[PDB]
Amino acid sequence: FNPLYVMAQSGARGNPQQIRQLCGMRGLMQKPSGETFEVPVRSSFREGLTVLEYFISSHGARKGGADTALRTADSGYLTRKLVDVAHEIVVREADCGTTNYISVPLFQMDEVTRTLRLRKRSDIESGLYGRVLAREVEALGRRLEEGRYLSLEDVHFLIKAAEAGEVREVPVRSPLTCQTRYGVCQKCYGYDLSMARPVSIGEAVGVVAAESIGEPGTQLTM
Amino acid sequence: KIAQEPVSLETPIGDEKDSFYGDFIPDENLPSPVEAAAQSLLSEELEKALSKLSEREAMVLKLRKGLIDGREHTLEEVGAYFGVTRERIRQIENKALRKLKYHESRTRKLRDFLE
Amino acid sequence: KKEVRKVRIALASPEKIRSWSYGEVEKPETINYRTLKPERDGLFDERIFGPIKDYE
Amino acid sequence: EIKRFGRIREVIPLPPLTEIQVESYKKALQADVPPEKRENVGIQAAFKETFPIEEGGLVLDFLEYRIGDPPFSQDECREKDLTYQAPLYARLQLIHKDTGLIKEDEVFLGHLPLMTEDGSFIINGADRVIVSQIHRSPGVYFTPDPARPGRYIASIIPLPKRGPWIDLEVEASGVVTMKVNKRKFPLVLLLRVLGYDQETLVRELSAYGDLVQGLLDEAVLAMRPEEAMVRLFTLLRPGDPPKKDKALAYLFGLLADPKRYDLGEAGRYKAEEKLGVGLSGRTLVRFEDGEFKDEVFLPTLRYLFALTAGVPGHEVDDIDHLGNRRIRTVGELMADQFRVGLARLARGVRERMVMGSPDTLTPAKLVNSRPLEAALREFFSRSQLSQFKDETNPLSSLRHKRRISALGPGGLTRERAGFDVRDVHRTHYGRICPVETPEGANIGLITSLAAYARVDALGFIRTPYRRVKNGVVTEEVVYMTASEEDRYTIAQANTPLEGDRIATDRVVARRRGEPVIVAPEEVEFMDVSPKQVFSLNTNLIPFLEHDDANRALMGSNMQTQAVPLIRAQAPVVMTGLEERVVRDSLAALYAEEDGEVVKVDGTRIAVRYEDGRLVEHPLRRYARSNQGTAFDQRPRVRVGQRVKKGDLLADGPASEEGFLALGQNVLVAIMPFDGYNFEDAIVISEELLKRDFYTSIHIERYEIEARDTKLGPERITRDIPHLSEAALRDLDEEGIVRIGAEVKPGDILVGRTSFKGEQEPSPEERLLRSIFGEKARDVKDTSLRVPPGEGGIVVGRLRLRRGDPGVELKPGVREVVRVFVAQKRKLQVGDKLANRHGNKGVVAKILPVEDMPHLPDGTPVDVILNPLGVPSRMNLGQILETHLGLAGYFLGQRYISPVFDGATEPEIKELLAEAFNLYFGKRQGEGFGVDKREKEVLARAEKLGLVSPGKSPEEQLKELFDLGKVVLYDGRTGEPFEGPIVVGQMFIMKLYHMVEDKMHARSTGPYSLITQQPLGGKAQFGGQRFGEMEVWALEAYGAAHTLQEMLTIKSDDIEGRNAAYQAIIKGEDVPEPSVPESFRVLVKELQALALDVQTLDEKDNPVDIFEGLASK
Amino acid sequence: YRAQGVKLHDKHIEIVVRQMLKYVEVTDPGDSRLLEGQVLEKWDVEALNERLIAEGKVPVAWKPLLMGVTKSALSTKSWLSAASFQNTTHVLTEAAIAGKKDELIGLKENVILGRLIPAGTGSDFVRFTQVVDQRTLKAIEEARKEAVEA
Amino acid sequence: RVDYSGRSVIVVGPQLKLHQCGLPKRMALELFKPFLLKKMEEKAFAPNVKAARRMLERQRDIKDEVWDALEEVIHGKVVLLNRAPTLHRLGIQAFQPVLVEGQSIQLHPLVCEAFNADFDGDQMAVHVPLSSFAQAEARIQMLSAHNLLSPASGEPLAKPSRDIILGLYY
Amino acid sequence: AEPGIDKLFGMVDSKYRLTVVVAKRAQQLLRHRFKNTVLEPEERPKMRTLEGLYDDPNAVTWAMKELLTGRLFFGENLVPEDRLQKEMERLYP
Amino acid sequence: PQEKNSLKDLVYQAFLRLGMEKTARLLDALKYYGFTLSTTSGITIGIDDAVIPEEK
Amino acid sequence: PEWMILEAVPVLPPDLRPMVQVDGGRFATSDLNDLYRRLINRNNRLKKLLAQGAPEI
Ligand SMILES: [Mg+2]
Ligand SMILES: [Zn+2]
């Protein structure tokens, strides 16, 4: 029931390596030249760092601050560009009317370990969710028909099926496969995900999507 | 003063690289929207408070303010337009005017615009 | 008078440019040092570029 | 009372931290130094170098320069909007090479700004600051080729603007093509005029091998020194003819000329001891009787080719190495502009000679003022390192003038920053603060000078290290440079210092900055104090070693954002520095000797000094500062007593009792109070407003000149044509407002009145005038009102009439006025506030003293901050700051905990054990006992483990007490809290940004003259920007018309924005827009490039963009 | 993204790429007015070929063209987009020379054009929507019989 | 830049619903001047437009008469509140104007996350959707209470904040 | 959380279609000063004010609650735009 | 114990099995309640809450 | 294509880059103004040289 523990453990504030440098040790620091140092920093922030540990830390710390703070601007370089190429993308035809489509695996081969395992939950959700079926599906009794709108439930159903080895490929409607001129279509796109329902026809889907990809931009340093 | 040349609108203001000189200048050339309505208001409110004037002392009260053809019409000509004399129109304006002053001081509808 | 759904852009010709113009400004004098009013040929000229005061 | 801690006693105190500004500027002044013994460096270098000015000719030489007496004191300037500058006279002699006319005359230069005591200058009444510039020290250097790893490219470089770049690159052509001033050419082309032919080219080169081939060339070496002197000159200058005498002059002036090439004394020094040579002047070569001998190029070239070989000792140099990087100081900077700005007059001298009356012209007609004067003022105003002084508080100016700017005209930019000049070199240490830097995109650019760090005339920042021998503390304090430091073994201030010797075998040490636990005896140096490892503000944070550097940075910078309070109070937990802070900042007035306070007089504090003389120091009580927070000297000295020399007399704005007092120590409960303190938010008790805590006063400047237009001038009076009765209230004589009058936003200050531009009133308006009868008078109202949101009271009444003594106004302007307006502001809702540990926040509402999580003693908490931004920001210092506060408030004694050396867990634990042990006395003694609610909480803890079971509540509440926590009730309910909540005194501060100012909203205001868009900032009174990101955000949702209004109706569109006000005023719906008017601009704009702007409609047809306008 | 912990959805990313490769290169123009090595959007070539098959002519042969997002945005049919984008100098020339007609196909072009955006509520799909209350609705429901007999 | 708009710092909304935002009095006044000018036209007190205009535009003398009158045009229509940068479309959400004291601006703590907000002194701006059409847009697809799911995930946005989580968990 | 939201969105297909309907109707409610509406004095928007509790003048809300009944008709190509302004701006002043 | 994730799943499942306004109110309920729920406990952070493992 | 070589000069309207005074007594001008100025100066002096019969250089 400790406040610090529960704090991050519940999902409020804090992360594991962050707690480590509080109740534990702060961990060996890195040199700005890029080669990590050869001496640890031991004592936690609660214990307090000696002048050395603190300076030696300040190296890669004040370094990192500059890393993130620098990439902040780079986010614009990404976003703006993505905007200028997505502006002309809107959902016009409800029906694009193409037999074209693409399939995604529910398993990603672990390199050098071979043996295709499975994509973690969020991963499958990362493009099966809110989709629209391209073709018939048969597994474990009840079969999906042509056209159904995949929901967070349907996705899990696909997982269950995949484990049964009855399904691997997932035929869906992609923006690529869409014949909607200067934009996409209902089927080819999907749920409005902010409404968890089919995207409103006339929506800024591409244009919105740009923002969707751009927002995470300042958050990837590594 | 004369000697001193003009000033480039691209001259940076402050110490930061954003601010421009020209972007710091207002536009009073065109009447502001607040003035669009302020003026269009008086142009009407003076039309309704005018109708309480005789068919002569009104249509004539406009000709002396450049309200009619936009150019001002002197007393001499107004008296020629109504068939009256360079004297009659003169008193007409006086009385017609203050006769409106009573309606103004009693309705407070136009009592603003005193700048 | 007509819904504008289209806007093109292209090159212009010396003639078309002559048409766009209301006159040929010559003198470098922006405005007088005294009257600060548009010079005869001044860049800011009020003679062929239209009045600074509405209808006046 | 007070209590100190730690066993690390600073041996040597902190040097005058304001000297890096003052002293360094003093060298370049030499005001007292006679015009003989002047050091020739700095200001006398501008004369030494730019003289004699020659042309049967003229030999005009330099003699002296008279140090001017300030015309107007630093005060007069600040109130006259004039620069604090003094006429610098100059004495010289004009002679002729033939006539022998020795004609001498004392000419005059211009006016040079003078520095104050603190280290800031005065520019047009606004005080500014000259920061420091950083770059690799001049000299020679060697680094691997950025285009190839297999070799090593070297280079040479003097002081900026005092000489051109130098580098000898090795192209992939196998030859060696040196590149200087952006162009390539083989080394032979140099050696030609250097006195080294084909023979001398192979003499010592064979000690290399493959390096003897890349140099030798027959197509060149057949050309002796004056023979090919012109050859390289042709490639150098495509314009001027390849004359044999032009290459005798130009190229010469670029090398052997110490006046056009100033190779900094450091460069002439540092480079001298590496390469193994004797270079005399600041030159490269020597103009020795005709051809040009070599003092530099060969001795560096052998090193360049030595490293690329692998021979021991010749190696790459560290570019970021502090020992290789000098600092441009105030005098060293100002002098830089004095010289070039003097040469700009040197040519103006040589030109005014070749004509007129060559017989005898006094140098008075020859010399000029403007070419020098304006050249200096240029740097003293529009340069980078000349920035607006920070007076937001006393510490502001201190740190501000103590910062190091990597920027400036002179060697870096926002582009080549990537890591190198951003990151922190291993040797930073006791030179520059590894943390305190702008948190913005400028990180690692503007740093701050370390405590004991000093910058000598050589630019090599040096750090104190207490010398030690045989493991014994020596009283010999060495200022060892960032260079030498990379040689010896430096111990640490936290080393086992006992009985003036080393205790434990394993001692803290390092070489070049690499941690090593080595034997005691071998310790040649040590760290004087941990304080030097950081900057000023950095060392103002207690238990800072517990706070992650990240937020600690903000904690250090925000020290400046903080604002003084009339009633403010020094932190009950200090580091033992803040004392001197107020002294060295010169923000406090002490006694020059041992005085005797005679008459306090909150204006004039007199102290009859022991020296028998009677001296008094007037007080600055309540006077405007560069931002809002005034300066105050609160007399703390009784109307008589004998003071001590150096003892304080009158306080300062952030200075309480000679201590740095930013905010006021306040008890804070760490807990989620109704989600009000959620996510670095703040909560405050009304009880603070009662005692007027964190409340300040802000003065502002309001000026207006009586404009003299073409239509004719005007005046500031009380008369106004349409003005009403009351609106004239405090105008009493000349149209000014009396002192101490409240001006709510919307009121006025002065009386400006000018003839309106005469224009016939609109017809409706003409009749409107006739009806009522107030005529349209010649003159219309002008007078300057007060800004929307700065309600003050008038204090400074400053009038300046044209035609008065010591006032020169603008050319053709009448009387002006600058009125001061001051206002008291209590802590408002949403005002920025932070602790010393770098935890930002805005006051979220307030809270009735009635409802408060008080304690058994009936003392309600005054703030209550949520424990959210503690773990993520790792601010564990604030935890101790408040933890001590618990015992602090109870025992009434303050603390001193130096950074990294201070009170620890056992110590604090004891202070809290005593705190509780005494607290119980005011309970059981006062006739009370253990409360039931207390039992509730105690039991809960006994279940959680916070209090060991089997122990009575007396022991449990005690253990919970030393934990920093206690039993808190709820002033809203009265029931206690399930868990305990830490509390106690903490140092916090109300930051600069206050909603009282920033917050703004407009309806329909002015617009940019160009396009009908509004105006950014609350200043010009305009709306915010909807820039492209916002537009896209709208496109996302799919709100069309919302975007329409943005692009047209609610922004720019001509008839649209008006039709809007029309509709809304008439209670209806606004029509859909048409012409954005900005776009209309774009049309003709493109047309100016002969771009036919063809607008089509619904089917490929003409459209008239500009309604009936340009249709000709 | 999944590495850094971003729950981002495939659709978006897909649209992007769709824009990247949506252009093709002209190879053996066949019977068309095109030239070997010219470039244009997938829909254009697809259309012209679809028509060519009916006209009897041989379809235009081609090969996929994968370019960068920037380059794509600068090659888009709408000249306005690239005009407001960047490298403005080069863009305007290329447009003006051939006299490029922007129909405001995209939104940003309309943004600058200060007109009703073809997307959102402004979408030509719903912007023509009508609204009537019962009373007035059945008021106008009768009027069509006032023009048939008269 | 636009007309009818402004900015200020931010303050948490512990009593505030998803569709709510604290809007300062003195702010909302000059923000809604064109509207209130009509609601004052209708509701007696000053005879006409200019009357009310100069009436309130002068001094600080705002009587309760104009307070309630202002609230009459406030209820219903909701104003858009934005926080820079505009990265996620959620960086702009529509909320119901709530006349409140003080200077700073309130807001729902759950949506602040989508705005990348924290109360360090952050400054948010505000605009007003004038035309009925646009206003409608503001209250429906543009409204905050409406879009609760992240368009880049499908997962919620207005999900419990760092604090609330700690409470419910506890 | 405008009442009937779920039902509102659920009525039409897209979001925009709905917004457009609410828009045009809300405007129509203003052009006729509320004497058009298909609702009843109990159903009409109610704004509670200290002075008196009147009908909420907000057009938007008017249209909002208006569609919830369904008495209103919509969709493209409904009736000729011509006679739609002859029998609309006539029946009400 | 209902922590972040569980709450998340609750929000989704609700918004899908219920509707916009309904779940809108639901959220605010957990907000207003959670704030006070946390308030009563208060759960402060002391230096002694940072306790170091004996295995260090 | 010959249009690329232009005889006329499309001169932008005056009010699009004006010169207007501000408070304090001094005026302010756009950059494009002085640019256009240098343009006509050379343009006129050229004519002056032409009819003059000045040499090729
Ligand atoms: Mg912030
Ligand atoms: Zn499709």
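Residues numbered from 1 in each chain as written, not as in the entry; some residues may be left out. Chains lettered and ligands numbered in written order. Part of a larger assembly, values for the part shown. Heavy atoms only, no water. Residues with missing side-chain atoms left out of burial classes, pairs and counts.

Determination of this PDB entry was carried out by X-ray crystallography to a resolution of 4.600 Å, according to the record.

The name given to chain H in the PDB entry is DNA-directed RNA polymerase subunit beta', with the source organism recorded as Thermus aquaticus.

As recorded in the PDB entry, chain B goes by the name RNA polymerase sigma factor SigA, listed as coming from Thermus aquaticus.

Attention shifts here to the coordination of the magnesium ion (ligand 1). Residue and element names in this part refer to chain F. In the first shell of the magnesium ion (ligand 1), the protein supplies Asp118 (OD), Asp120 (OD), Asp120 (OD), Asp122 (OD) and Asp122 (OD), at 2.1 to 2.4 Å from the metal. Every donor residue of the magnesium ion (ligand 1) comes from the same chain, spaced as D-x1-D-x1-D. Under the relative-accessibility criterion, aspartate 120 is labelled buried at 19%. (Donors = N, O, S within 2.8 Å, 3.2 Å for Na, K, Ca; no water. Buried < 20%, exposed > 50% of the residue type's maximum accessible area, 1.4 Å probe, protein only.)

With that settled, the discussion passes to the interface of chain D and chain F. Taken together, the contact pairs 67 residues of chain D with 60 residues of chain F. A per-residue breakdown of the area chain D buries against chain F is headed by D:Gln1024, D:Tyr1037 and D:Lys1050, which together make up 16% of the total. Inspection of the chain D/chain F interface yields 2 salt bridges. Among the salt bridges present, the one from D:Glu679 reaches F:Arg162, with a minimum N-O distance of 3.9 Å. (Contact = heavy atoms within 4.5 Å. Buried area = accessible area lost by both parts, 1.4 Å probe. Salt bridge = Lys/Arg side-chain N within 4 Å of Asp/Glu carboxyl O.)

Taking the numbering used here, the UniProt-annotated feature "DNA-binding region" corresponds to residues 75-94 of chain B. Taken end to end, residues 75-94 of chain B comprises 75% helix and 0% strand; its first and last C-alpha atoms sit 12 Å apart. (UniProt positions renumbered as here; feature names shortened; annotations may be inferred. Helix = DSSP H or I, 4+ residues; strand = E, 2+ residues; numbered from the N terminus.)

On to the coordination of the zinc ion (ligand 2). All names here are of chain A. Surrounding the zinc ion (ligand 2) are the protein donor atoms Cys96 (SG), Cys178 (SG), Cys185 (SG) and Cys188 (SG), at 2.3 to 2.4 Å. Given 4 donor atoms and angles of 85 to 147 degrees at the metal, the environment of the zinc ion (ligand 2) is assigned as irregular. All donor residues of the zinc ion (ligand 2) come from one chain, and their arrangement in sequence is C-x81-C-x6-C-x2-C. Take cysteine 188: its relative accessible area is 0%, and that puts it in the buried class. (Tetrahedral: all angles 85-135°; square planar, octahedral: opposite > 155°, others 65-115°.)

Glancing now at the sheet that holds strand β1 (residues 23-26) of chain E. Residues and elements named next belong to chain E. Reading across the sheet, the 3 strands line up as β2-β1-β3 and stay open at both edges, with antiparallel pairing between neighbours. Since the sheet does not close on itself, it has two edges, and those belong to β2 (39-41) and β3 (62-65), each with one partner. The average angle at which neighbouring strand axes cross in this sheet is 35 degrees, direction not considered. Note that β1 and β3 share 4 bridges and pair antiparallel. Residue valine 24 lies in a different strand from β3, and its bridge partner there is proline 64. Across the sheet, helix α2 (residues 42-55) touches β1, β2 and β3, and the angle it forms with β2 is around 90 degrees. (Pairing = 2+ DSSP bridges. Axes fitted to C-alpha atoms, helices over the stretch in contact; angles between N-to-C directions.)

This part is about the packing of aromatic side chains. Applying the stated criterion across every chain, the model contains 37 aromatic pairs over all chains. Consider the rings of A:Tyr129 and A:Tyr191, whose centres lie 6.1 Å apart with planes at 90 degrees: the pair is edge-to-face. Of this pair, A:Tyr129 sits in the loop between α4 (121-125) and α5 (152-163) while A:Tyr191 sits in the loop between α6 (186-189) and α7 (205-214); the two residues are 62 residues apart in sequence, bridging distant segments of the chain. On the basis of relative accessible area, A:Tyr191 is assigned to the buried category, the value being 11%. Seen from their ring centres, D:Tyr889 and D:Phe890 are 5.9 Å apart, and the 40 degrees between their planes marks the pair as tilted. By relative accessible area, which is 33% here, D:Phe890 ends up partly exposed. One aromatic cluster is present, formed by D:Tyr889, D:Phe890, D:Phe916, D:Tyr919, D:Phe920 and D:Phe961 through successive ring pairs. The ring centre of D:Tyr65 lies 3.5 Å from the NZ or CZ of D:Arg38, which sits over that ring. (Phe/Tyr/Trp six-rings, centres within 6.5 Å; stacked < 30°, edge-to-face > 60°. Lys NZ or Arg CZ within 6 Å of the ring centre and 35° of its normal.)

Attention now goes to the nonpolar core. Core analysis: the biggest nonpolar cluster contains 198 residues, and D:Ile864 and F:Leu107 have the highest contact counts within it. By size, the runner-up hydrophobic cluster in this structure holds 48 residues, among which are D:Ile156, D:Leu279, D:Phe297 and D:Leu301. (Core = buried A, V, L, I, M, F, W, Y, C linked by side-chain atoms within 4.5 Å.)

Spatially, the 4 strands line up as an open sheet ordered β34-β40-β39-β36 (chain D), and their pairing is antiparallel. With one partner strand each, in any of the chains shown, β34 (696-706) and β36 (742-743) of chain D form the two edges of the open sheet.

Moving on, we come to the pairing of strand β21 (residues 472-478) of chain D. All names here are of chain D. The pairing of strand β20 (residues 465-469) with β21 spans 4 bridges and is classified as antiparallel. Note that in β21 the partner of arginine 466 across the bridge is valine 477. Between β20 and β21, which pair antiparallel one after the other, the connecting turn spans 2 residues, and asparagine 470 there sits at a positive phi close to 60 degrees.

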